[PDB]
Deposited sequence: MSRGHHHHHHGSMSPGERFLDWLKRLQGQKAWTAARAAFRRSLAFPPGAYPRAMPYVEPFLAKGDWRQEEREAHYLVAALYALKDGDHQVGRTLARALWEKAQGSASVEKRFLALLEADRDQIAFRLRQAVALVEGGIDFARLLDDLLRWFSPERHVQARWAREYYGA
């Protein structure tokens, strides 16, 4: 059972509860900020986080995914990765956006990632998104490679 899958489970269960309303507003509000730097969003994520040992970029990855999930309003389509979604939205100009995503550094990744999620139509697999973001920064650049195969695979 993947860390991405677990989180999505946590996020899904969260959406059915009464708190979803405040939570969603909190997640959506957090985009203005660096992931994990918005306290309102914190009650919703920190408890899930307490179970593991997470390095900082890992918490950020979780917080980011929660916000993006909130954007798509819980719209999680399994099997459909963002890269594929990005391909499906076309278009030449998009192909620049997708590459620009791959070359993003920690500074720009959340923003570019956010901009990219708003753009696609439908839902994307958020469990996949988290597992992929968790390993985004290996020196090998293997995740980015797979996204390429995914995007150009379509």
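If you line the structure up with the deposited chain, the stretches without a C-alpha atom are 1-12, 103-104.
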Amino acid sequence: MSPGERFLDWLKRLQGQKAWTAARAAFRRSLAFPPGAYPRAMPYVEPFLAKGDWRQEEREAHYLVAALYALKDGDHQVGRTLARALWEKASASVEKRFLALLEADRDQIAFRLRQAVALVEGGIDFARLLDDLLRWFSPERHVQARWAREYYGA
From here on, numbers count along this sequence of modelled residues.
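Taking the PDB entry as given, 87-95 carries the higher mean Cα B factor of the two stretches 40-48 and 87-95. Taking the mean C-alpha B-factor of each stretch as recorded, 59-67 and 31-39 are not equal, and the higher mean is that of 31-39.
Among the modelled residues of its chain, residue 120 has a C-alpha B-factor that falls in the highest third, as given in the PDB entry. Remark: residue 20 belongs to the highest third of its chain, ranked by C-alpha B-factor as recorded. The PDB entry assigns residue 8 a C-alpha temperature factor belonging to the middle third of its chain's modelled residues.
In the PDB entry, residue 135 places in the lowest third of its chain by CA B-factor.
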